[PDB]
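Notes follow the structure.
There are 2 protein chains.
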Amino acid sequence: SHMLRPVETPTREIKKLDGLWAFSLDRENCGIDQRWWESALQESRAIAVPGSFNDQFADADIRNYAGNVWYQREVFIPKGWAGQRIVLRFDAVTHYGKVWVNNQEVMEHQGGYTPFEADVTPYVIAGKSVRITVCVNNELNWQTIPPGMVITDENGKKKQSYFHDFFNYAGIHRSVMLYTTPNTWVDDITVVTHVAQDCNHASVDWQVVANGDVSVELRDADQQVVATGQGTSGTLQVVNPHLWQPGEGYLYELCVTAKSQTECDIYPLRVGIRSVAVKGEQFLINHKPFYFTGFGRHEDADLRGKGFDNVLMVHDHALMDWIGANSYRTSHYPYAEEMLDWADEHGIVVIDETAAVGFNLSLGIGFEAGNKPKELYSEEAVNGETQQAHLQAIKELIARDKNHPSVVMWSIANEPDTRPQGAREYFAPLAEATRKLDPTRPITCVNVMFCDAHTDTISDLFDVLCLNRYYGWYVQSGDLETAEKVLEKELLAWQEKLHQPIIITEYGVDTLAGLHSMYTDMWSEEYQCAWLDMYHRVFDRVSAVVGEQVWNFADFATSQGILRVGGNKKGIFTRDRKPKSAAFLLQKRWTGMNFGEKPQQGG
Amino acid sequence: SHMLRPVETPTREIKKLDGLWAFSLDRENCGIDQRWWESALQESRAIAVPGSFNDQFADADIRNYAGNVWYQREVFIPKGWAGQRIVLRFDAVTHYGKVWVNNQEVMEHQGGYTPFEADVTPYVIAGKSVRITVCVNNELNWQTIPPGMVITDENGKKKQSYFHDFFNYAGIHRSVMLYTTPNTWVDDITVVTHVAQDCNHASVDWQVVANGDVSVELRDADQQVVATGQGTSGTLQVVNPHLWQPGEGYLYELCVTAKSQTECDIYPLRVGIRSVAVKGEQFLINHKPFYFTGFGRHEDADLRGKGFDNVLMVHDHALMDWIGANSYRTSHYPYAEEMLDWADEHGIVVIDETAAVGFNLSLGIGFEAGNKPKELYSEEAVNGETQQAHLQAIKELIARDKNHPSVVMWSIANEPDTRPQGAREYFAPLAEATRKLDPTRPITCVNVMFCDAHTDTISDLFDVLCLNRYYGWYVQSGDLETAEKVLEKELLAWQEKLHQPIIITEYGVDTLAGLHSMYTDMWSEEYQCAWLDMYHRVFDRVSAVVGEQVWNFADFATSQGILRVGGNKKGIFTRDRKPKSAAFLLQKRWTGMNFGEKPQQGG
Ligand SMILES: COc1cccc(NC(=S)N(CCO)Cc2cc3cc(C)c(C)cc3[nH]c2=O)c1
Ligand SMILES: COc1cccc(NC(=S)N(CCO)Cc2cc3cc(C)c(C)cc3[nH]c2=O)c1
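First to last, the sequence lines map onto chains A and B. Just so we're aligned: the first sequence equals residues 1 to 603 in this note's numbering. Just so we're aligned: the second sequence equals residues 1001 to 1603 in this note's numbering.
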């Protein structure tokens, strides 16, 4: 369906993020049968929203729980909301939600990183209290967007396994809200900026609408009406403009009016005049040779999970700004939109990514019981549904982020195994369909190191080359000397194979803060520094390398294992954001360069 | 004025603690000259509210700033608020804050820890958008609670100095909000709960109204009307009751209605039926001797400073519940009211404390010779004005917290130097005023160890003896054998001197997580364990000891010096809430006792 980011004019919100809700586990899965949502959850306790449920209670049994949990809370609908449109919206519900307003089932959602909403006017009465009950599921299976497998034990209980690193946080991770609309209402919008050698340029509106006529007006930074359009379906305004750029990120505001003889609906959609596409081995934003810096990130932090948080947000960006990141990627799931609004506002370049992670079964590291399906693409394991579920996941992200100028690229998935058979048959359609959803931006699929330049059957189908590489770490462990060869050899081997522009979307080594070594070896701070030094030395000797993003901005939490010391320790910063000695090395390189500019194959 | 906590009944909030606001320093002190409230702030970066401002940007220069800062933000008055009393309320602005609505100054408050609100209807238009500038100031002086001394070097660069441990974090630490009432509205309520060997009793009630007749009903847990009342400023209700009790804190709800001829107002006040009194050396709750366990805590966490936060609150409360703590003291300043609602609901016992720490010029770190007034109680230093600003701090605190059944006593100050004559001159009238302000709870003043049983001049004026003791650590360093003899001799001296109940409100040692030692000496986890254990042996020998609150729940940021290794490490938990091994020691001692009940002098 249609997603529009709420803002506040002929519409206003009660955020329900007001944190404390009633909470409970349903270890018997008797909750739907016993119709829990008709009265107050019993045996509950306070929980905060937004945040993951897992770590709020310091309890392993809750942390590793799998199945359904219940959220409940009450809330007076504002008196002024008349006969108006009342709309309940969740920015995310991690993995799956079902919603009961008093007794009315109003909503259902699968996907954990994108919004869903419903018109609730008929079971609500403005000026009165209404119960809100949410049922939340955190289970993953094969047609799910990260896939996974729930093993039920003989003894009654579930237990989740899956194929990615990062830990399976679940819950209401983002803002909920009740919001208000006129019965005339904008409900969809799309916008495209074309650029021309940097002198002048044009933007297209298209806009689905609740019944009404659209006056479309584009405003200055200073609110001077410099673009006007008529029509409820389409326009193009060719004004000679001020562009969205990386150092600075200028933005226009396109108000959107939908009219009836009774009503009016007014919408400001921030807009960045920017063009994105690839030319040969170059990446082009406003027809310029960019160079990417920054990291893969996660939504992870002590206590809250992947739960959204303003302070955290403000601090991390301060940190990225300081250290010279111009860009980052939404590692392995759609992030809360606020990050993107900030990126636009601040001109930060974003490779936007779907939750399609862990399609891979070789990854890995198993001393344990094998199964585990034999064929990756099978009706058993990655199947028809799964391509369809996956398709739907790509719609939504694009539905949400097409209008965010900061997004210069889409990412279809991260590290799928492309050595098994259906791997090109699975990936070709979605690659086509992606561009049929948005042809304004290039599209990639992020590449695991064992589908290497001679074995990977999928890369031509995409526009840019996104590599995750560990050459001294998982292989050649500890050996910078031979690691540098393999890496360059393999970067050159990609350059000729595909003659595409190359970005390393993951390069990094586990490092324990405070571990220091005169022998400069694995897990030491010094080693991280030497290893990043080297990867760097090597992108300076390759023309096709136009992007660099460090494995992890900060240490995050993982599934429990032998290869993870209390989590992934590959952060430049610790989880509480204290900088490892490598923050200061990246500091120099990233602020020493010219903005958006590769070195002189040296410096 | 009158302070009631906003809730949603006829009443309605729009949170606006939506926390993205604009922000900047004022280094040359131009802000009030150039009427900054009049135009949108310039050179202004995004900051999260609520939060301390110091830590969100990873910048030492902002962190250590002294002077004025500005928060600015536009908002929408709900169209629905038509005939409405519209109030702008700030839960806290740390130290002083001045507020403009669009070139209309509406407020000013001095105090960093309690709310201030203004009726703003005539400066706002329902359904339009407003600009709100706050000027916040973080400086301390001899008349501020707490006190301090700004030092300006030869260059005019201000530098704050103060006499307490914890870091002077400042900013808007708690929510801001626009909220609604009718022009007939309850603006103050007061409840006193009485009880007699526990079978049934009454609640006196006093109710101040904005223009109306008042009526009153006591609704049950399951919402049934257990009693009724009429009259305005006076009533009393009798009941066969489930008392509010340390374990569980059962709550009735008192329902206040102010009626005009035209307009109507409704206010729910949670009521816990319980009595609190000292009887000799015992502290009685519902007529039963109670024994406190638990912490002095702070408002502190990474990134957000003293900024309030829901996930953090739910997590620390799971921790204290797990560990067996039945109480705490709002060390050092009034805490977020949310903290007290939680206490109310879960039956946590609280010692509520003003921000009056630092009265002492004798807790210096060493050897920066200068230079501080030589007479503590003098016109230069702690003078008639200070005593006024102190009395004010007491009033504001009690006005806020008087109906919180979780509050069982008021602490007026922490570790004042009571040796200098005039200490008694300064505190006697404060002791007196406080009792008059609330006659329903015991009163205390927390005692610093070098004011000892033979030198202290103030403790006879208060009801309960609360001692901060550090034998083995600041004095007799490392020597448990002799620390233990001195602790016991001193506690016995106090018992015989005053025959009051003794709560040790601070005892703890700095412990670096992960420093382990076979010698069981000073900064190791093993010492923290052995030291608390020695303290425990002595408490169980002394019959007037009626409570124990370990000094720190968690490590916290302090100002820099040679005694604080990046903060106070007397934490039981680290700042990121990881348990030190003393956590399991306390857990065993506190969950092993009978709930609320002093041990039998034995294991
Ligand atoms: C199931 O969730 C988990 C749990 C714990 C660890 C991981 N590891 C992950 S995601 N990575 C991918 C790094 O981008 C490390 C990894 C690299 C790797 C490289 C090669 C060349 C081979 C042959 C096998 C490999 N196996 C691996 O595990 C995943
Ligand atoms: C960062 O804020 C700062 C800065 C500088 C110093 C401190 N120190 C603090 S708060 N204390 C805590 C006292 O509860 C240690 C202390 C103990 C003490 C004991 C005796 C028996 C005597 C005679 C003198 C003493 N003086 C002290 O200072 C804190």
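Think of the CB as a built atom: it goes at the ideal place given N, C-alpha and C, for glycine as much as any other residue.
What are the partner residues of residue i, as DSSP defines its beta bridges?
i             : result
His390/A      : Note: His390/A sits in no beta bridge, so no partner.
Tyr1328/B     : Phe1295/B and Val1350/B
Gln1072/B     : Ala1022/B and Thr1133/B
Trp100/A      : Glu105/A and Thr133/A
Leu218/A      : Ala227/A and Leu254/A
residue 613/A : This structure gives no information on residue 613/A, because the portion of chain A shown stretches from 1 to 603.
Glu1013/B     : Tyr1179/B
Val1087/B     : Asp1119/B and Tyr1179/B
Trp523/A      : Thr511/A
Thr1094/B     : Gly1171/B
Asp1213/B     : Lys1259/B
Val538/A      : DSSP, once it has assigned bridges, lists no residue as partnering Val538/A.
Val1357/B     : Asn1414/B
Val1475/B     : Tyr1471/B
Are the beta-carbon atoms of residue i and residue j separated by less than 8 Å?
i         : j         : result
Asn137/A  : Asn68/A   : yes
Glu1248/B : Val1271/B : no
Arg89/A   : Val176/A  : yes
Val546/A  : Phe290/A  : yes
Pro1373/B : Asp1265/B : no
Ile86/A   : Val134/A  : no
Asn360/A  : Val448/A  : yes
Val542/A  : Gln495/A  : yes
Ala557/A  : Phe167/A  : yes
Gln1084/B : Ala1126/B : yes
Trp21/A   : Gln72/A   : yes
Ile1443/B : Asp1460/B : no
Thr190/A  : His201/A  : no
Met534/A  : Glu484/A  : yes
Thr114/A  : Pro405/A  : no
Over the uninterrupted beta strand (DSSP E) stretch that includes residue i, give me the two end residues.
i         : result
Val1209/B : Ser1203 to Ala1210
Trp410/A  : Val407 to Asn414
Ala46/A   : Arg45 to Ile47
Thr444/A  : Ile443 to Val446
Give the range of the alpha helix (DSSP H) segment to which residue i is assigned.
i        : result
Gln549/A : Where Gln549/A is concerned, there is no enclosing alpha helix (DSSP H), although the beta strand (DSSP E) it sits in stretches over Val545 to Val550.
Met313/A : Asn310 to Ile323
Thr193/A : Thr193/A -> not in any alpha helix (DSSP H); beta strand (DSSP E) instead, spanning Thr190 to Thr193.
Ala423/A : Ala423 to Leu437
Taking 7 Å as the cut-off, is the C-beta of residue i nearer than that to any heavy atom in ligand 4?
i         : result
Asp1456/B : You won't find ligand 4 in this model; what it holds is ligand 1 and ligand 2.
Tell me the start and end of each unbroken beta strand (DSSP E) in the region 220-300 of chain A that is at least 3 residues and wholly inside, in chain order. 225-230, 234-239, 252-259, 264-271, 276-279, 282-285 and 294-296
Runs of 3 residues minimum, wholly inside the region 1106-1186 of chain B: which ones carry the beta strand (DSSP E) assignment? 1116-1119, 1129-1137, 1148-1152, 1158-1162 and 1176-1181
Pull out every residue of the region 65-86 of chain A whose Cβ sits closer than 7 Å to any Cβ of chain B, in chain order. Those would be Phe76, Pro78, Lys79, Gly80 and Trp81, in chain order.
So within the region 1555-1603 of chain B, which uninterrupted beta strand (DSSP E) runs reach at least 3 residues, ignoring any that extend past its ends? 1571-1573
Chain-ordered residues of the region 1318-1338 of chain B with a beta carbon less than 9 Å from chain A: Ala1318, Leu1319, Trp1322 and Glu1338
Which residues, taken in chain order from the region 1538-1565 of chain B, show a beta carbon closer than 7 Å to some beta carbon of chain A? none
What residues in the region 1007-1026 of chain B bring their beta carbon closer than 8 Å to a beta carbon of chain A? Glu1008, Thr1009, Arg1012, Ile1014, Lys1015, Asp1018, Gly1019 and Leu1020
Residues in the region 1304-1315 of chain B with C-beta within 7 Å of chain A's C-beta atoms, listed in sequence order? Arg1304, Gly1307, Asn1310, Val1311, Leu1312, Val1314 and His1315
Under 7 Å (Cβ pairs) to chain B, residues found in the region 169-192 of chain A: none
Could you name the residues of the region 572-592 of chain A whose beta carbon sits closer than 8 Å to any beta carbon of chain B, in the order they occur along the chain? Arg575, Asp576 and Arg577
Against chain B: residues of the region 43-57 of chain A by CB proximity under 7 Å: The residues in question are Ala46, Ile47, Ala48, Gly51, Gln56 and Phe57.
Can you give me, in chain order, the residues of the region 192-223 of chain A that have a beta carbon less than 8 Å from any beta carbon in chain B? none
Using a Cβ-Cβ cutoff of 8 Å, what residues of the region 1273-1307 of chain B are near chain A? List them in chain order. Correct list: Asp1302, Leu1303, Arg1304 and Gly1307.
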